[PDB]
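Take a look at the structure set out below.
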Amino acid sequence: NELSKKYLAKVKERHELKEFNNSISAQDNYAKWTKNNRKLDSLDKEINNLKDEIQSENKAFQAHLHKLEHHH
Amino acid sequence: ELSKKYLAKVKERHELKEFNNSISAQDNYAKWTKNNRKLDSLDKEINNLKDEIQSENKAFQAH
Amino acid sequence: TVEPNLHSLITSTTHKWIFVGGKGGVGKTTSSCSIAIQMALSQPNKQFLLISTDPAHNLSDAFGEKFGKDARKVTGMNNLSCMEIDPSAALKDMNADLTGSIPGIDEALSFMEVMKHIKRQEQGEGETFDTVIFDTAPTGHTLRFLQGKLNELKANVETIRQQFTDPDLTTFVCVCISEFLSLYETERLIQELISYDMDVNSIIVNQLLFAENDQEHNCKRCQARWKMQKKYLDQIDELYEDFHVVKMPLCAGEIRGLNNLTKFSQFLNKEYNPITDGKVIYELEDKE
Amino acid sequence: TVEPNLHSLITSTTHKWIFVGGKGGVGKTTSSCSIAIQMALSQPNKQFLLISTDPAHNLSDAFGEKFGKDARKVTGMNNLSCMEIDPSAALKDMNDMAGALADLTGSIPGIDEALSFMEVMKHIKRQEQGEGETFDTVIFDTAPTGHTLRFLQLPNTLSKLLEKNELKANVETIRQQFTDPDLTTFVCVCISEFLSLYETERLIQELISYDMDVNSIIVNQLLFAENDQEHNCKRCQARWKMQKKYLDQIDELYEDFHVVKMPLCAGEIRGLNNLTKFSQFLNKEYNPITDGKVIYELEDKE
Ligand SMILES: [Zn+2]
C-alpha cells in the first residue's frame with residue numbers, strides 16, 4: 001500500500017535531518033539550527049498522523065472481516 | 001493499607017505542588033528547587049505504589 | 001518590513017486580552033507594567049487592568065505602591081488599575097485521584113477562579129475594564145488548559161478558548177534577552193502558544209547594551225557582552241521576520257515608580273535609539 | 001566543608017573518564033581545556049586525551065592550533081593530546097559502507113546515541129594501537145545540546161523487551177565503568193544566572209538517574225565587582241549583584257558539591273599560555289584580592 005511507503009519516507013527524511021542538524025552549532029547558527037528543529041517537530045506530527053491513520057486503516061479493513069463471518 | 005497510603009502520597013504531593021506555586025523561583029531558587037526535588041521523589045513513590053497495587057491485583061487474581 | 005516596536009498593539013482597540021510572559025529574569029514585570037502604562041496613556045477613553053499572578057508580588061515593587069486582591073487605580077493615573085493575586089490561595093479556598101493527575105485541570109480551575117474574582121471587582125465597583133494585561137508567572141504553564149461540574153468546566157474552557165483564539169481579541173507578548181538560553185526558552189514558548197492557537201506576534205528584547213553608541217565607552221567587559229547580544233540579535237532578526245521584535249535598552253539598576261516606568265515605556269512605542277535617546281537612560285540610571 | 005575547587009579531581013589517579021558538560025554559553029570549552037591542562041601538568045607521568053564532539057570544533061580555536069580526527073599532542077605539552085571528532089560523520093560512514101534500519105532504530109532513544117558513542121571509542125582504540133601509545137584518562141568535551149549519554153538506559157530497556165545483543169552487551173560493559181565513581185565522573189559548567197542554573201540542575205538530575213557520579217560545578221564569568229580596582233561600570237556592579245544573589249542559593253543547595261567560582265576574564269582566552277595561567281584557579285580557588293592582576297593582565301593583552 002501507499003501509506004506504509006510514505007510513513008517510511010517521512011521517518012527516513014526526519015532521521016536524515018536530525019543527523020544533519022547534529023552537525024550544526026546551535027550557538028553559532030541559532031537561526032538555521034532553530035529552523036531545522038521546527039522542521040523536525042513538524043515531521044514528528046506528520047509521522048504520528050500517518051502512524052495513526054495506518055493503525056486505523058487496520059480497524060477499517062478489520063471491520064470488513066468480522067462483518068463477513070459473524071454478521072452472518 | 002496500600003490504597004490508603006497511595007492516596008496520602010498523592011495528596012501530600014498535591015499540597016506541596018500548590019505551596020511551591022506560591023514561591024518565587026527566581027527569588028527563592030534554593031527553597032523552590034528543593035521542593036521540586038521532593039516532588040520528583042513523590043512521583044516516584046506514587047508510581048511505585050500504583051505499580052504494586054496493580055500487581056497486588058495480579059497476585060490476588062492468580063489465586 | 002514589520003515595525004520594530006509595539007505601536008500597533010498599544011494603539012489597538014480590539015484587544016481585550018494581552019498576555020505578557022517571560023521565563024528567567026528578562027524584564028517581564030517592567031514589561032507588563034510598561035505596556036499597561038502606554039496603552040492607558042494612548043487610550044485615555046478606556047479602562048485598563050494590570051493583573052499579576054507572579055508570586056514575587058512585584059507590581060507593588062515596580063510601582064512602589066501596595067496593590068493586592070482589590071483592583072485599585074494606580075496612583076497618578078486615571079485608567080490603569082492593578083491587582084496582585086495568588087490563584088492557588090483562591091483555588092484552595094474553594095476546595096485528587098482524578099483531578100490532580102490531569103493537566104490544565106488545576107490550571108483551568110485556577111484560571112476560572114481569577115476570572116470570577118475580576119467580575120466580582122467590576123460588579124461591586126459598578127465599573128468595568130476594557131482590556132486586561134496579564135503579568136503571567138515566570139514558571140509553569142498557566143494556559144495549558146487550552147487543550148455535571150465536568151461538563152461545566154469543559155464548557156467554560158471552550159468559552160474562553162473562543163476569545164483567546166481571536167487574534168483581534170487576544171495576543172501574547174514574549175519577553176527575553178539577547179542570550180542563547182533565553183532565546184531558546186523563548187522559541188519553546190512561542191511554539192507552545194502556537195499549539196494552543198493563541199496569537200503570538202511580539203517579542204521584547206530587554207537589557208540590550210548598545211555599547212557602541214555609548215559615551216562612557218567605559219567597560220571593556222560590557223563591550224564584549226554587547227558583541228554577544230548583537231550576535232544573537234542578528235539571528236533573532238532572520239528568524240522572527242514577520243514579528244514585532246522590540247529591542248529595549250538596559251537601564252542599569254532598577255526601574256521603579258510611575259514616573260520612570262513611564263519615561264522608560266515610551267521606547268516600546270517608538271523604538272529606542274542609542275544616539276538620540278541615550279540621555280533618557282543615562283538620566284534614569286544617574287538618579288539611581 | 002567541601003573544598004571550593006577541583007583539586008581532588010585534578011590530582012586523582014583512579015579516574016579514566018572525566019566528562020565536562022554545559023549548555024548555553026557558559027565556558028564549557030575553556031573548562032574542558034583548563035581541566036585537561038591542569039591534570040596533565042599535575043600528573044606528568046600519565047597520558048591524557050582531550051576529545052571533543054562539539055560541532056563548533058573549538059579545541060582548535062582555544063589552543064589556536066588545528067586538531068582533528070587524529071589524536072595529536074598539544075604543542076608545548078608532552079602528555080596532553082587532542083582530537084576533535086564529529087560522531088554523526090563516523091556513524092554515517094558505518095551505515096554507508098554497510099530505510100528499514102530506521103523503523104526500528106531511528107525511533108529508539110540511545111540507540112543512535114550508543115552507536116555513535118561506540119564508534120568514537122572504536123576510533124580512539126585505533127589511535128592507540130597504531131601509535132603504540134595508550135592514554136590513561138580521557139576528558140570529554142561534550143556537545144552543548146542533546147543527550148550524548150542517554151544510552152546508559154538502553155541495557156535496561158533492551159533486556160525488558162528481549163524476553164518479549166552485541167549492542168546491549170557493549171553498553172553494559174561501558175555502563176559498568178561509568179557507574180564507578182572512582183573510575184568516571186561528570187563536571188557541570190554554568191553561570192550564576194537563573195536560566196543556566198536551572199538547566200544545570202536538570203542535568204545533574206539526569207546524570208544521577210544514569211548512575212553517573214556528579215560532584216562538581218564550575219561557575220564561570222563571575223565578576224567580583226566589589227574587589228575590582230576599576231570599580232568602573234555601574235552596570236557590571238549591578239550584574240555582580242545578581243551573580244552574587246544566586247551564588248548564595250547555589251551554596252545552600254549543592255553543599256556536598258565542589259562548586260568552583262571562576263572569574264570573568266573579559267574577552268577571550270586562547271593559546272596554551274593563557275589557558276594555563278587561567279586554569280590554575282580550578283585548582284586553588286581564585287581570590288579577587290590577591291589574584292586580580294592575573295586576570296587584568298590576561299584582559300589587557302587582549
Ligand atoms: Zn561595565
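Chain lettering (A, B, ...) mirrors the order of the C-alpha cells, residue numbering begins at 1 for each chain separately, and ligand numbering begins at 1 in order of display.
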
### Task
Would you mind listing what lies within 10 Å of region 18-24 of chain B as number ranges by chain, with only C-alpha atoms counted and same-chain residues fewer than 2 positions away left out?
B: 13-16, 26-29, 31-36, 39; C: 53-57, 86-89, 91-92, 106, 137-140

#### Entry: Contacts of residue 39 (chain A) at 12 Å (only C-alpha atoms; same-chain gap of 6+ positions) as a ChimeraX atom specification
/A:10,13-18,21,32-33,45-46

Expected file: the selected residues, N, CA and C atoms, as a PDB file, in the first residue's frame:
```
ATOM      1  N   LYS A  10       8.954   9.518   5.344  1.00  0.00           N
ATOM      2  CA  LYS A  10       8.972  10.545   6.383  1.00  0.00           C
ATOM      3  C   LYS A  10       9.952  10.164   7.473  1.00  0.00           C
ATOM      4  N   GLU A  13      13.388  10.732   6.111  1.00  0.00           N
ATOM      5  CA  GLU A  13      13.780  12.132   5.922  1.00  0.00           C
ATOM      6  C   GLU A  13      14.032  12.839   7.253  1.00  0.00           C
ATOM      7  N   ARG A  14      13.118  12.619   8.189  1.00  0.00           N
ATOM      8  CA  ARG A  14      13.243  13.112   9.550  1.00  0.00           C
ATOM      9  C   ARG A  14      14.585  12.685  10.148  1.00  0.00           C
ATOM     10  N   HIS A  15      14.908  11.397  10.043  1.00  0.00           N
ATOM     11  CA  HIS A  15      16.169  10.901  10.576  1.00  0.00           C
ATOM     12  C   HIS A  15      17.357  11.609   9.936  1.00  0.00           C
ATOM     13  N   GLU A  16      17.412  11.608   8.609  1.00  0.00           N
ATOM     14  CA  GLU A  16      18.493  12.286   7.906  1.00  0.00           C
ATOM     15  C   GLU A  16      18.661  13.740   8.330  1.00  0.00           C
ATOM     16  N   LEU A  17      17.542  14.424   8.555  1.00  0.00           N
ATOM     17  CA  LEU A  17      17.574  15.815   9.006  1.00  0.00           C
ATOM     18  C   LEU A  17      18.168  15.928  10.394  1.00  0.00           C
ATOM     19  N   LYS A  18      17.626  15.143  11.322  1.00  0.00           N
ATOM     20  CA  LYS A  18      18.194  15.045  12.656  1.00  0.00           C
ATOM     21  C   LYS A  18      19.713  14.996  12.597  1.00  0.00           C
ATOM     22  N   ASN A  21      21.421  18.226  11.462  1.00  0.00           N
ATOM     23  CA  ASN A  21      21.318  19.267  12.460  1.00  0.00           C
ATOM     24  C   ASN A  21      22.308  19.038  13.609  1.00  0.00           C
ATOM     25  N   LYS A  32      19.458  29.124  11.609  1.00  0.00           N
ATOM     26  CA  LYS A  32      19.441  27.917  10.792  1.00  0.00           C
ATOM     27  C   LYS A  32      19.032  26.706  11.622  1.00  0.00           C
ATOM     28  N   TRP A  33      19.779  26.481  12.699  1.00  0.00           N
ATOM     29  CA  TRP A  33      19.575  25.384  13.635  1.00  0.00           C
ATOM     30  C   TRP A  33      18.157  25.348  14.201  1.00  0.00           C
ATOM     31  N   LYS A  45       4.932  15.231  13.789  1.00  0.00           N
ATOM     32  CA  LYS A  45       3.486  15.308  13.655  1.00  0.00           C
ATOM     33  C   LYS A  45       3.045  14.507  12.439  1.00  0.00           C
ATOM     34  N   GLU A  46       3.596  14.823  11.274  1.00  0.00           N
ATOM     35  CA  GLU A  46       3.233  14.094  10.071  1.00  0.00           C
ATOM     36  C   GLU A  46       3.378  12.598  10.284  1.00  0.00           C
TER      37      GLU A  46
END
```

Using only C-alpha atoms and all ligand atoms, what does the table of chain D residues within 8 Å of ligand 1 look like, with each row giving the shortest atom pair and its distance in Å to one decimal, sorted by chain and ascending number, as a tab-separated table?
```
residue	atom	partner	partner_atom_place_in_ligand_line	distance
D:232	CA	ligand 1	1 (Zn)	6.4
D:233	CA	ligand 1	1 (Zn)	3.7
D:234	CA	ligand 1	1 (Zn)	6.5
D:235	CA	ligand 1	1 (Zn)	5.4
D:236	CA	ligand 1	1 (Zn)	4.6
D:237	CA	ligand 1	1 (Zn)	7.5
```

### Task
For chain D, report every residue with an atom at most 6 Å from chain C (counting only C-alpha atoms), formatted as number ranges by chain.
D: 24, 194-195, 233, 235, 238, 266-267

### Query
If we count only C-alpha atoms, which residues of chain A reach to within 12 Å of chain C? Please list them as a PyMOL selection string.
chain A and resi 25-38+41-42+45

### Query
In Å to one decimal, how far is CA of residue 294 (chain D) from CA of residue 189 (chain D)?
21.9 Å

### Task
Tell me, as a ChimeraX atom specification, which residues lie within 9 Å of residue 174 (chain C), counting only C-alpha atoms; anything in the same chain fewer than 3 positions away does not count.
/C:19-22,28,186,189-190,200-205

### 12 Å contact set for residue 128 (chain D), only C-alpha atoms, chain neighbours under 4 positions out, as an MDAnalysis selection string
chainID D and resid 47:49 70:72 81 121:124 132:136

Can you write out the residues you just picked, keeping N, CA, C and O atoms, as a tab-separated table (two decimals), in the first residue's frame?
```tsv
chain	number	residue	atom	x	y	z
D	47	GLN	N	49.33	9.88	30.49
D	47	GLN	CA	48.96	10.40	29.18
D	47	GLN	C	47.48	10.76	29.13
D	47	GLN	O	46.62	9.94	29.43
D	48	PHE	N	47.20	11.99	28.73
D	48	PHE	CA	45.84	12.50	28.72
D	48	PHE	C	45.33	12.81	27.31
D	48	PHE	O	46.10	13.24	26.45
D	49	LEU	N	44.03	12.61	27.11
D	49	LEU	CA	43.38	12.95	25.85
D	49	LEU	C	42.17	13.84	26.08
D	49	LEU	O	41.27	13.53	26.86
D	70	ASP	N	42.77	12.91	14.06
D	70	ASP	CA	43.99	12.28	14.53
D	70	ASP	C	44.48	12.88	15.84
D	70	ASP	O	44.91	14.04	15.88
D	71	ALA	N	44.42	12.09	16.90
D	71	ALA	CA	44.93	12.49	18.19
D	71	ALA	C	46.33	13.03	18.00
D	71	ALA	O	47.19	12.37	17.44
D	72	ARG	N	46.54	14.25	18.47
D	72	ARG	CA	47.82	14.90	18.29
D	72	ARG	C	48.22	15.57	19.60
D	72	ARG	O	47.39	16.09	20.34
D	81	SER	N	47.06	15.44	24.55
D	81	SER	CA	46.79	15.30	23.14
D	81	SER	C	45.31	15.54	22.94
D	81	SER	O	44.51	15.21	23.81
D	121	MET	N	34.69	5.47	20.63
D	121	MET	CA	35.55	4.52	21.32
D	121	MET	C	36.42	3.75	20.34
D	121	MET	O	37.64	3.74	20.45
D	122	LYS	N	35.77	3.08	19.39
D	122	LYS	CA	36.50	2.30	18.40
D	122	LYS	C	37.62	3.14	17.83
D	122	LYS	O	38.76	2.69	17.73
D	123	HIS	N	37.29	4.38	17.48
D	123	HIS	CA	38.23	5.29	16.85
D	123	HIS	C	39.42	5.60	17.73
D	123	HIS	O	40.55	5.67	17.26
D	124	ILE	N	39.16	5.80	19.02
D	124	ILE	CA	40.22	6.03	19.98
D	124	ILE	C	41.17	4.84	20.00
D	124	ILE	O	42.37	5.00	19.76
D	132	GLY	N	51.03	2.92	19.15
D	132	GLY	CA	51.76	2.08	20.08
D	132	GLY	C	51.67	2.65	21.48
D	132	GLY	O	52.12	2.02	22.45
D	133	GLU	N	51.10	3.84	21.59
D	133	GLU	CA	50.94	4.52	22.87
D	133	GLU	C	49.48	4.61	23.30
D	133	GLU	O	48.60	4.91	22.49
D	134	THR	N	49.24	4.40	24.59
D	134	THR	CA	47.89	4.43	25.13
D	134	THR	C	47.67	5.60	26.09
D	134	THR	O	48.62	6.11	26.68
D	135	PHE	N	46.42	6.03	26.24
D	135	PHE	CA	46.05	7.13	27.12
D	135	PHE	C	45.54	6.60	28.45
D	135	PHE	O	44.91	5.56	28.50
D	136	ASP	N	45.79	7.36	29.51
D	136	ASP	CA	45.45	6.90	30.85
D	136	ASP	C	44.11	7.43	31.33
D	136	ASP	O	43.51	6.87	32.24
```

### Task
Return the neighbours of chain B among the residues of chain D, cut-off 8 Å, counting only C-alpha atoms, as number ranges by chain.
D: 194, 246, 249-250, 252-253

Write to file, as a compact mmCIF listing (two decimals), in the first residue's frame, the residues of the selection just made, with N, CA, C and O atoms.
```txt
# COMPACT_ATOMS: atom_id res chain seq x y z
N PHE D 194 19.78 32.51 36.68
CA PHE D 194 18.67 31.56 36.87
C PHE D 194 18.54 30.50 35.78
O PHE D 194 18.54 29.30 36.05
N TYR D 246 22.59 34.54 43.36
CA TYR D 246 22.44 33.12 43.07
C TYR D 246 23.54 32.26 43.64
O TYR D 246 23.28 31.12 44.03
N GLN D 249 22.35 31.12 46.71
CA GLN D 249 21.42 30.00 46.55
C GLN D 249 22.15 28.69 46.23
O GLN D 249 21.98 27.71 46.96
N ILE D 250 22.92 28.66 45.14
CA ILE D 250 23.78 27.53 44.81
C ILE D 250 24.50 26.94 46.03
O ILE D 250 24.65 25.72 46.17
N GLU D 252 23.74 26.81 49.19
CA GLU D 252 22.97 26.04 50.16
C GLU D 252 22.18 24.91 49.53
O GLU D 252 21.29 24.33 50.14
N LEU D 253 22.55 24.56 48.31
CA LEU D 253 21.73 23.66 47.51
C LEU D 253 22.57 22.54 46.94
O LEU D 253 22.07 21.45 46.67
```

For residue 19 (chain D), find every residue with an atom within 12 Å (counting only C-alpha atoms), except residues of its own chain fewer than 6 positions away, and show them as a PDB file with C-alpha atoms, in the first residue's frame.
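Once written, selection_9.pdb looks like this:
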```
ATOM      1  CA  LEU D   9      39.956  15.536  40.835  1.00  0.00           C
ATOM      2  CA  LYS D  28      32.297  24.675  28.726  1.00  0.00           C
ATOM      3  CA  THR D  29      35.176  24.542  26.264  1.00  0.00           C
ATOM      4  CA  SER D  31      36.666  24.495  31.078  1.00  0.00           C
ATOM      5  CA  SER D  32      37.287  21.216  29.287  1.00  0.00           C
ATOM      6  CA  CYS D  33      40.592  22.679  28.213  1.00  0.00           C
ATOM      7  CA  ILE D  35      40.860  20.740  33.416  1.00  0.00           C
ATOM      8  CA  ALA D  36      42.803  18.739  30.833  1.00  0.00           C
ATOM      9  CA  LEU D  49      43.377  12.952  25.854  1.00  0.00           C
ATOM     10  CA  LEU D  50      41.007  15.834  25.381  1.00  0.00           C
ATOM     11  CA  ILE D  51      38.403  14.729  22.900  1.00  0.00           C
ATOM     12  CA  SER D  52      35.590  16.968  21.681  1.00  0.00           C
ATOM     13  CA  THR D  53      32.401  16.307  19.768  1.00  0.00           C
ATOM     14  CA  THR D 137      42.482   9.222  31.163  1.00  0.00           C
ATOM     15  CA  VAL D 138      40.190  10.911  28.696  1.00  0.00           C
ATOM     16  CA  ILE D 139      38.433  14.198  29.138  1.00  0.00           C
ATOM     17  CA  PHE D 140      35.229  14.522  27.129  1.00  0.00           C
ATOM     18  CA  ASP D 141      34.253  17.948  25.823  1.00  0.00           C
ATOM     19  CA  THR D 142      30.568  17.022  25.438  1.00  0.00           C
ATOM     20  CA  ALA D 143      28.216  18.641  22.943  1.00  0.00           C
ATOM     21  CA  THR D 148      25.053  12.097  24.495  1.00  0.00           C
ATOM     22  CA  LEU D 149      24.664   9.663  27.382  1.00  0.00           C
ATOM     23  CA  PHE D 178      30.718   4.748  34.052  1.00  0.00           C
ATOM     24  CA  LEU D 183      36.576   5.486  37.558  1.00  0.00           C
ATOM     25  CA  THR D 184      34.435   8.168  35.959  1.00  0.00           C
ATOM     26  CA  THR D 185      32.807  11.475  36.949  1.00  0.00           C
ATOM     27  CA  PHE D 186      30.919  14.473  35.406  1.00  0.00           C
ATOM     28  CA  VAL D 187      31.765  18.159  35.741  1.00  0.00           C
ATOM     29  CA  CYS D 188      28.970  20.647  35.113  1.00  0.00           C
ATOM     30  CA  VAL D 189      29.673  24.107  33.728  1.00  0.00           C
ATOM     31  CA  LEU D 207      23.107  12.152  35.347  1.00  0.00           C
ATOM     32  CA  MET D 212      26.887   8.673  36.826  1.00  0.00           C
ATOM     33  CA  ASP D 213      28.933  10.343  39.520  1.00  0.00           C
ATOM     34  CA  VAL D 214      28.384  14.092  39.513  1.00  0.00           C
ATOM     35  CA  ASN D 215      30.175  16.100  42.171  1.00  0.00           C
ATOM     36  CA  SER D 216      31.479  19.279  40.647  1.00  0.00           C
ATOM     37  CA  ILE D 217      30.091  22.506  39.275  1.00  0.00           C
TER      38      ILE D 217
END
```

### Message
Could you tell me how far CA of residue 192 (chain D) sits from CA of residue 283 (chain C), in Å to one decimal place?
### Response
28.7 Å

### Query
DSSP on the backbone: what in region 128-214 of chain D comes out strand (DSSP E or B), as a PyMOL selection string?
chain D and resi 137-141+184-191+213-214

Can you write out the residues you just picked, keeping C-alpha atoms, as a CSV table (one decimal), in the first residue's frame?
```csv
chain,number,residue,atom,x,y,z
D,137,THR,CA,42.5,9.2,31.2
D,138,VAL,CA,40.2,10.9,28.7
D,139,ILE,CA,38.4,14.2,29.1
D,140,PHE,CA,35.2,14.5,27.1
D,141,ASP,CA,34.3,17.9,25.8
D,184,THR,CA,34.4,8.2,36.0
D,185,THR,CA,32.8,11.5,36.9
D,186,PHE,CA,30.9,14.5,35.4
D,187,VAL,CA,31.8,18.2,35.7
D,188,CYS,CA,29.0,20.6,35.1
D,189,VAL,CA,29.7,24.1,33.7
D,190,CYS,CA,27.2,27.0,34.4
D,191,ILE,CA,27.0,30.7,35.1
D,213,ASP,CA,28.9,10.3,39.5
D,214,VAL,CA,28.4,14.1,39.5
```

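Here CA of residue 52 (chain B) and CA of residue 8 (chain B) stand 15.4 Å from one another.
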
Show me a table, sorted first by chain and then by increasing residue number, of the residues of chain D having an atom at most 6 Å from chain A, each with its shortest atom pair and the distance in Å to one decimal, counting only C-alpha atoms and written as a tab-separated table.
```
residue	atom	partner	partner_atom	distance
D:55	CA	A:23	CA	5.5
D:56	CA	A:25	CA	5.4
D:99	CA	A:12	CA	6.0
```
